[PDB]
Amino acid sequence: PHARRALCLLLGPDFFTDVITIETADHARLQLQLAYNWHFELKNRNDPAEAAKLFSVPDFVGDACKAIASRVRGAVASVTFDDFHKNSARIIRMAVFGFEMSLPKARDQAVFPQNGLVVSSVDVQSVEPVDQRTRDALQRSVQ
Amino acid sequence: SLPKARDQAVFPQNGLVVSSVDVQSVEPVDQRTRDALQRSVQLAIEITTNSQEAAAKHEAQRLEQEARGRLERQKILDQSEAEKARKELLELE
Amino acid sequence: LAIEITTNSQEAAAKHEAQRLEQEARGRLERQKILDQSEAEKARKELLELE
Amino acid sequence: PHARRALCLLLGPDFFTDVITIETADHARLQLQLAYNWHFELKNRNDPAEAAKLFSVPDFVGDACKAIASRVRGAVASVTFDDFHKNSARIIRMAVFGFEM
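Protein chains in written order, with PDB author numbering: chain C, 508 to 609, 619 to 659; chain B, 609, 619 to 710; chain A, 660 to 710; chain D, 508 to 608.
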């Protein structure tokens, strides 16, 4: 909640080293890491009010990560795990922002009107079930 | 849009508004509830293992039968050709 | 008990889906069986007339 | 996450010694090494703004490797292992970028 304290609020292209515990309709406790490729869109840099709207949030990383976390977990909770382990990267990136683009694939941009924060990409690398016996049983599935 | 709700919760007493409500930890309190629904996942994973292996067996029997049918095809061709020359063999016999 | 009854419901739905896939794949397999037998006996024609 | 610290940001043709753990639809935990032949395209070298856009990232190698990592793992998670061990080099290199050619 409060670990790093610095005056230099980074706004350039960067990321968030985030990991989340989630549950889907079939209840296998799963922990996933998120990347949250983010940057700040300030269309009028010289504007004092719009520049001051940047610090309206006290924890931009916290708000963004928890919001995308809720968007992940609520949508996964409506999918079964085998469909999830089949089609995760798609559903997790479509449910967190946007709508149909081509039913169809989602966008690749997540704007926050409170401050100007935007998340461009959400990368995932570690889909790992939490319970040991789940992984033991699905080891049988592969074997 | 029955339909989806709004994304704003105004409090007229003071002017407070709640825009979003995020949730990350749906956790049952009782231990035995989680123990029992651990069984639900441990069975519902195995049923889909049965589904995928049943699909694999279906594919295997499909390949078996199609290769077997093509093999009776070439069997019929070979028998017909062998008895094509069994003609000359048997007329001059 | 009411959690376990819905576990039974979802596994019953899964079994229904499994028997549906079984029967449809089996029916398509009799389809290709009929095709293969008809074709094999199409050449069993020439085999048997010249036999 | 933060191992090498140097002012000389290399932009010439080079690579990334990367290894990734991935999972596909049939769950056999697999570890693969990646090379990531990379270089920087700056079409207007004299442009100060475009040259300064180069350092907009603090970890270019980290962002590139993790992005290609997600593109690998999400696509493999939609393929069975025997098809994967059959046709890996194709699907892994097609899913990470681009479209049909």
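We put the beta carbon where it would ideally sit given N, CA and C, even for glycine.
Sequence-distant residues of the same chain with beta carbon closer than 6 Å to residue i, five excluded per side
{"i": "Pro-555 (chain D)", "result": "none"}
{"i": "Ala-542 (chain D)", "result": "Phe-522"}
{"i": "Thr-528 (chain D)", "result": "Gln-538"}
{"i": "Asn-544 (chain D)", "result": "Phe-522"}
{"i": "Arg-600 (chain C)", "result": "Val-638"}
{"i": "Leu-694 (chain B)", "result": "none"}
{"i": "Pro-520 (chain C)", "result": "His-546"}
{"i": "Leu-518 (chain D)", "result": "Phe-547"}
{"i": "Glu-708 (chain A)", "result": "none"}
{"i": "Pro-629 (chain C)", "result": "none"}
{"i": "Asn-553 (chain C)", "result": "none"}
{"i": "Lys-593 (chain C)", "result": "none"}
Neighbourhood of residue i by C-beta, 7 Å cutoff - its chain only, sequence neighbours within 5 removed
{"i": "residue 616 (chain C)", "result": "Since the model of chain C passes from 609 to 619 in one step, residue 616 (chain C) is not part of what is shown."}
{"i": "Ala-532 (chain D)", "result": "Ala-584, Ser-585, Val-586, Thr-587"}
{"i": "residue 465 (chain D)", "result": "Nothing can be reported for residue 465 (chain D): it is not among the residues displayed for chain D, which extend from 508 to 608."}
{"i": "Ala-626 (chain B)", "result": "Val-634, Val-635"}
{"i": "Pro-620 (chain B)", "result": "none"}
{"i": "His-509 (chain D)", "result": "none"}
Per-residue burial, residue i [other beta carbons within 10 Å of its own, 16 or more giving buried]
{"i": "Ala-684 (chain B)", "result": "exposed"}
{"i": "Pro-645 (chain C)", "result": "buried"}
{"i": "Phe-591 (chain C)", "result": "buried"}
{"i": "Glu-530 (chain C)", "result": "buried"}
{"i": "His-534 (chain D)", "result": "buried"}
{"i": "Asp-652 (chain B)", "result": "exposed"}
{"i": "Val-658 (chain B)", "result": "buried"}
{"i": "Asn-631 (chain B)", "result": "exposed"}
{"i": "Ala-661 (chain B)", "result": "buried"}
{"i": "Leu-706 (chain A)", "result": "buried"}
{"i": "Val-640 (chain C)", "result": "buried"}
Nearest candidate by alpha-carbon position, reference residue i, set the options
{"i": "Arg-679 (chain A)", "options": "B:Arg-623, B:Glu-705, B:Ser-668, B:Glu-710", "result": "B:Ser-668"}
{"i": "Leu-514 (chain D)", "options": "D:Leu-561, D:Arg-578, D:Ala-602, D:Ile-529", "result": "D:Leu-561"}
{"i": "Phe-567 (chain C)", "options": "C:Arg-580, C:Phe-547, C:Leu-654", "result": "C:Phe-547"}
{"i": "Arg-580 (chain D)", "options": "C:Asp-589, C:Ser-595, C:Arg-580", "result": "C:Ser-595"}
{"i": "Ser-642 (chain C)", "options": "C:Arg-512, C:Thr-524, C:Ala-510, C:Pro-520", "result": "C:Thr-524"}
{"i": "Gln-655 (chain C)", "options": "D:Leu-518, D:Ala-510, D:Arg-536", "result": "D:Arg-536"}
{"i": "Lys-692 (chain A)", "options": "B:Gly-686, B:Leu-707, B:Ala-661", "result": "B:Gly-686"}
{"i": "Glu-681 (chain A)", "options": "B:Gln-696, B:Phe-628, B:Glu-681, B:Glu-676", "result": "B:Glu-676"}
{"i": "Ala-559 (chain D)", "options": "D:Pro-520, D:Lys-593, D:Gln-540, D:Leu-516", "result": "D:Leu-516"}
{"i": "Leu-688 (chain A)", "options": "B:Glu-663, B:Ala-672, B:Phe-628", "result": "B:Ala-672"}
Assumed close pair residue i, residue j - CB separation to whole angstroms, cut-off 8 Å
{"i": "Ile-598 (chain D)", "j": "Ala-582 (chain D)", "result": "7 Å"}
{"i": "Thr-665 (chain B)", "j": "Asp-589 (chain C)", "result": "5 Å"}
{"i": "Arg-690 (chain B)", "j": "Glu-698 (chain A)", "result": "7 Å"}
Sequence-distant residues of the same chain with beta carbon closer than 8 Å to residue i, five excluded per side
{"i": "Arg-578 (chain D)", "result": "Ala-602, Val-603, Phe-604"}
{"i": "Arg-623 (chain C)", "result": "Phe-604, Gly-605, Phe-606, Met-608"}
{"i": "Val-526 (chain D)", "result": "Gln-538, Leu-539, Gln-540, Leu-541"}
**OP:** Report yes or no: do the segment 567–582 of chain C and the segment 630–637 of chain C share at least 3 C-beta pairs separated by less than 8 Å?
**Re:** Flag = yes, the segment 567–582 of chain C and the segment 630–637 of chain C touch.
Original post:
Does the segment 640–655 of chain B come within contact of the segment 697–708 of chain B, defined as at least 3 CB pairs closer than 8 Å?
Top reply: Flag = no, the segment 640–655 of chain B and the segment 697–708 of chain B do not touch.
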